[PDB]
2 protein chains.
Amino acid sequence: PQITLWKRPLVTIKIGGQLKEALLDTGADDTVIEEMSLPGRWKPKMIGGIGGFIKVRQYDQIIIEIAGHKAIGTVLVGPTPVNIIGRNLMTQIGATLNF
Amino acid sequence: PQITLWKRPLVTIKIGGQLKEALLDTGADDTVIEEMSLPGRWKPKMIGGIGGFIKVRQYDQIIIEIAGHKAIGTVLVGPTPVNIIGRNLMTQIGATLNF
Ligand SMILES: CC(C)CN(C[C@@H](O)[C@H](Cc1ccccc1)NC(=O)O[C@H]1CCOC1)S(=O)(=O)c1ccc(N)cc1
């Protein structure tokens, strides 16, 4: 699709067997999702921006379906105010910014 | 252009005759610039980011060039990790996400 930016670019994702809404965010290096369980090992990470930093759990090799497209990569899990699909996964679905 | 997301989508902007680097951020509703002098009056605004809500200064109807495209609109000034070009100005220059 071609998505305009008059409103937040929200899409449906499937992660961990769960359907969620998430923001396509070109300003985010990595994908961060609200608290949920994911399989495998994790390590702590700090990520920050407006308003400061939050602590998250970094899970690697996680499969997500993003508006119908499958991708694999790192997913951060923690107290993010919104679910964010970052560049690390948007590249895998071929997402680009065009103007 | 067509900007891929393997790297941060950093572009040059021009505001008040000065060149600056900024991030094209589809996850940002608003445009936020590092401390600088802008003309006119400002009004208060609260914005939320990954770490919580902050106060910023809101300046309206500010002329800004973004990767050589002219925009005129609201610019927020405050504590920000990077200069952020948000959806309010990305819409003006015709930017869309495509996959
Ligand atoms: C600030 C940029 C440089 C980085 N953030 C992404 C931004 O898109 C961020 C996303 C967001 C939307 C709404 C609520 C909370 C966060 N929007 C944001 O702050 O919008 C503000 C600035 C003006 O308009 C409003 S981040 O969330 O800190 C982040 C950092 C690291 C990773 N791996 C993932 C996310």
# chains A, B, ... in the order shown; residues from 1 in each chain; ligands from 1

$ interface_residues --of "chain A" --to "chain B" --cutoff "8 Å" --atoms "only C-alpha atoms" --output "PyMOL selection string"
chain A and resi 1-9+23-29+48-54+80-81+84+87-88+90-91+93-99

$ residues_around --residues "residue B:62" --least-positions-apart "6" --cutoff "8 Å" --atoms "only C-alpha atoms" --output "JSON, numbers by chain"
{"B": [72, 73, 74, 75]}

$ write_last_selection --atoms "C-alpha atoms" --output "compact mmCIF listing (two decimals), in the first residue's frame"
# COMPACT_ATOMS: atom_id res chain seq x y z
CA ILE B 72 5.35 26.29 6.49
CA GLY B 73 3.86 25.14 9.74
CA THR B 74 4.16 24.40 13.42
CA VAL B 75 7.61 23.80 14.91

$ select_by_dssp --residues "chain B" --states "alpha helix (DSSP H)" --output "ChimeraX atom specification"
/B:87-92

$ closest_residue --among "A:31, A:77, A:70, A:44" --to "ligand 1" --atoms "only C-alpha atoms and all ligand atoms"
A:31

$ select_by_dssp --residues "chain A" --states "strand (DSSP E)" --output "VMD selection string"
chain A and resid 2 to 3 10 to 15 18 to 24 31 to 33 43 to 49 52 to 66 69 to 77 84 to 85 96 to 98

$ calpha_fit_and_write --fixed "chain B" --moving "chain A" --output "PDB file with C-alpha atoms, in the first residue's frame"
ATOM      1  CA  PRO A   1      13.892  10.352  -3.526  1.00  0.00           C
ATOM      2  CA  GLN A   2      13.134   6.850  -2.267  1.00  0.00           C
ATOM      3  CA  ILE A   3      14.596   6.304   1.157  1.00  0.00           C
ATOM      4  CA  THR A   4      15.185   2.898   2.647  1.00  0.00           C
ATOM      5  CA  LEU A   5      15.046   2.205   6.351  1.00  0.00           C
ATOM      6  CA  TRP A   6      18.231   0.277   6.872  1.00  0.00           C
ATOM      7  CA  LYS A   7      19.528   3.406   8.638  1.00  0.00           C
ATOM      8  CA  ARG A   8      17.838   6.386  10.190  1.00  0.00           C
ATOM      9  CA  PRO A   9      16.173   8.537   7.475  1.00  0.00           C
ATOM     10  CA  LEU A  10      18.046  11.749   8.097  1.00  0.00           C
ATOM     11  CA  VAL A  11      17.778  14.808   5.885  1.00  0.00           C
ATOM     12  CA  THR A  12      19.153  18.342   5.840  1.00  0.00           C
ATOM     13  CA  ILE A  13      16.744  21.078   6.685  1.00  0.00           C
ATOM     14  CA  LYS A  14      16.919  24.848   6.738  1.00  0.00           C
ATOM     15  CA  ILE A  15      15.021  26.591   9.509  1.00  0.00           C
ATOM     16  CA  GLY A  16      15.514  30.059  10.920  1.00  0.00           C
ATOM     17  CA  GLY A  17      18.448  30.613   8.551  1.00  0.00           C
ATOM     18  CA  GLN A  18      20.148  27.554  10.111  1.00  0.00           C
ATOM     19  CA  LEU A  19      21.101  24.245   8.548  1.00  0.00           C
ATOM     20  CA  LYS A  20      20.301  21.217  10.638  1.00  0.00           C
ATOM     21  CA  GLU A  21      20.050  17.430  10.307  1.00  0.00           C
ATOM     22  CA  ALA A  22      16.650  15.934  11.122  1.00  0.00           C
ATOM     23  CA  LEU A  23      14.878  12.628  11.210  1.00  0.00           C
ATOM     24  CA  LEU A  24      11.908  11.988   8.931  1.00  0.00           C
ATOM     25  CA  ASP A  25       9.515  10.522  11.489  1.00  0.00           C
ATOM     26  CA  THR A  26       6.170   9.072  10.557  1.00  0.00           C
ATOM     27  CA  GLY A  27       5.567   8.286  14.235  1.00  0.00           C
ATOM     28  CA  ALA A  28       5.678  12.006  15.202  1.00  0.00           C
ATOM     29  CA  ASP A  29       2.549  14.095  14.873  1.00  0.00           C
ATOM     30  CA  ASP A  30       4.434  17.347  14.914  1.00  0.00           C
ATOM     31  CA  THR A  31       7.945  18.600  14.119  1.00  0.00           C
ATOM     32  CA  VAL A  32      10.227  19.161  17.110  1.00  0.00           C
ATOM     33  CA  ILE A  33      13.616  20.819  16.928  1.00  0.00           C
ATOM     34  CA  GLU A  34      16.394  21.297  19.454  1.00  0.00           C
ATOM     35  CA  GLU A  35      16.635  24.614  21.212  1.00  0.00           C
ATOM     36  CA  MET A  36      16.910  27.594  18.856  1.00  0.00           C
ATOM     37  CA  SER A  37      15.377  31.016  18.467  1.00  0.00           C
ATOM     38  CA  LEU A  38      12.318  31.441  16.185  1.00  0.00           C
ATOM     39  CA  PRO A  39      10.299  34.594  15.446  1.00  0.00           C
ATOM     40  CA  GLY A  40       6.829  35.377  16.683  1.00  0.00           C
ATOM     41  CA  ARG A  41       4.557  34.323  19.470  1.00  0.00           C
ATOM     42  CA  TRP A  42       4.665  30.920  21.115  1.00  0.00           C
ATOM     43  CA  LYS A  43       2.765  28.887  23.657  1.00  0.00           C
ATOM     44  CA  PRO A  44       3.839  26.018  25.854  1.00  0.00           C
ATOM     45  CA  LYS A  45       3.042  22.462  25.031  1.00  0.00           C
ATOM     46  CA  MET A  46       3.839  19.021  26.491  1.00  0.00           C
ATOM     47  CA  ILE A  47       4.768  16.160  24.174  1.00  0.00           C
ATOM     48  CA  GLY A  48       5.558  12.634  25.185  1.00  0.00           C
ATOM     49  CA  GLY A  49       6.488   9.137  24.232  1.00  0.00           C
ATOM     50  CA  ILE A  50       9.095   6.622  25.242  1.00  0.00           C
ATOM     51  CA  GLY A  51      10.620   7.809  28.497  1.00  0.00           C
ATOM     52  CA  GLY A  52       7.852  10.288  29.226  1.00  0.00           C
ATOM     53  CA  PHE A  53       7.102  13.929  28.396  1.00  0.00           C
ATOM     54  CA  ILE A  54       9.069  17.115  27.674  1.00  0.00           C
ATOM     55  CA  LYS A  55       7.948  20.745  27.655  1.00  0.00           C
ATOM     56  CA  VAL A  56       8.337  22.595  24.351  1.00  0.00           C
ATOM     57  CA  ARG A  57       7.537  25.965  22.812  1.00  0.00           C
ATOM     58  CA  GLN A  58       4.970  25.863  19.998  1.00  0.00           C
ATOM     59  CA  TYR A  59       5.580  28.281  17.141  1.00  0.00           C
ATOM     60  CA  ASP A  60       3.104  28.489  14.277  1.00  0.00           C
ATOM     61  CA  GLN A  61       3.559  29.536  10.627  1.00  0.00           C
ATOM     62  CA  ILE A  62       7.249  28.591  10.481  1.00  0.00           C
ATOM     63  CA  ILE A  63       8.834  27.967   7.066  1.00  0.00           C
ATOM     64  CA  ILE A  64      11.313  25.050   6.815  1.00  0.00           C
ATOM     65  CA  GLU A  65      13.163  23.792   3.750  1.00  0.00           C
ATOM     66  CA  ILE A  66      13.233  19.981   3.922  1.00  0.00           C
ATOM     67  CA  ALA A  67      15.703  18.286   1.617  1.00  0.00           C
ATOM     68  CA  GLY A  68      15.015  21.080  -0.905  1.00  0.00           C
ATOM     69  CA  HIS A  69      11.243  21.272  -0.512  1.00  0.00           C
ATOM     70  CA  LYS A  70       9.619  24.255   1.270  1.00  0.00           C
ATOM     71  CA  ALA A  71       6.820  23.743   3.768  1.00  0.00           C
ATOM     72  CA  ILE A  72       5.067  25.878   6.373  1.00  0.00           C
ATOM     73  CA  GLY A  73       3.556  24.843   9.653  1.00  0.00           C
ATOM     74  CA  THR A  74       3.952  24.440  13.379  1.00  0.00           C
ATOM     75  CA  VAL A  75       7.385  23.806  14.809  1.00  0.00           C
ATOM     76  CA  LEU A  76       7.914  22.745  18.455  1.00  0.00           C
ATOM     77  CA  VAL A  77      11.186  23.786  20.096  1.00  0.00           C
ATOM     78  CA  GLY A  78      12.655  22.100  23.164  1.00  0.00           C
ATOM     79  CA  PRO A  79      14.996  19.533  24.666  1.00  0.00           C
ATOM     80  CA  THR A  80      14.430  16.804  22.097  1.00  0.00           C
ATOM     81  CA  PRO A  81      17.349  14.361  21.815  1.00  0.00           C
ATOM     82  CA  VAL A  82      17.088  14.514  18.002  1.00  0.00           C
ATOM     83  CA  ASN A  83      15.598  16.937  15.474  1.00  0.00           C
ATOM     84  CA  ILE A  84      12.362  15.430  14.173  1.00  0.00           C
ATOM     85  CA  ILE A  85      10.353  16.287  11.080  1.00  0.00           C
ATOM     86  CA  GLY A  86       6.831  15.144  11.878  1.00  0.00           C
ATOM     87  CA  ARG A  87       3.747  14.383   9.829  1.00  0.00           C
ATOM     88  CA  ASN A  88       2.550  17.977   9.955  1.00  0.00           C
ATOM     89  CA  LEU A  89       5.377  18.977   7.614  1.00  0.00           C
ATOM     90  CA  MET A  90       5.988  15.704   5.797  1.00  0.00           C
ATOM     91  CA  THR A  91       2.504  15.867   4.320  1.00  0.00           C
ATOM     92  CA  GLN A  92       3.386  19.222   2.734  1.00  0.00           C
ATOM     93  CA  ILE A  93       6.311  17.778   0.808  1.00  0.00           C
ATOM     94  CA  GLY A  94       4.244  14.845  -0.394  1.00  0.00           C
ATOM     95  CA  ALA A  95       5.988  12.189   1.660  1.00  0.00           C
ATOM     96  CA  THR A  96       4.473   8.742   1.739  1.00  0.00           C
ATOM     97  CA  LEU A  97       5.262   5.320   3.113  1.00  0.00           C
ATOM     98  CA  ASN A  98       5.260   2.591   0.492  1.00  0.00           C
ATOM     99  CA  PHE A  99       5.424  -1.166   0.693  1.00  0.00           C
TER     100      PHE A  99
END
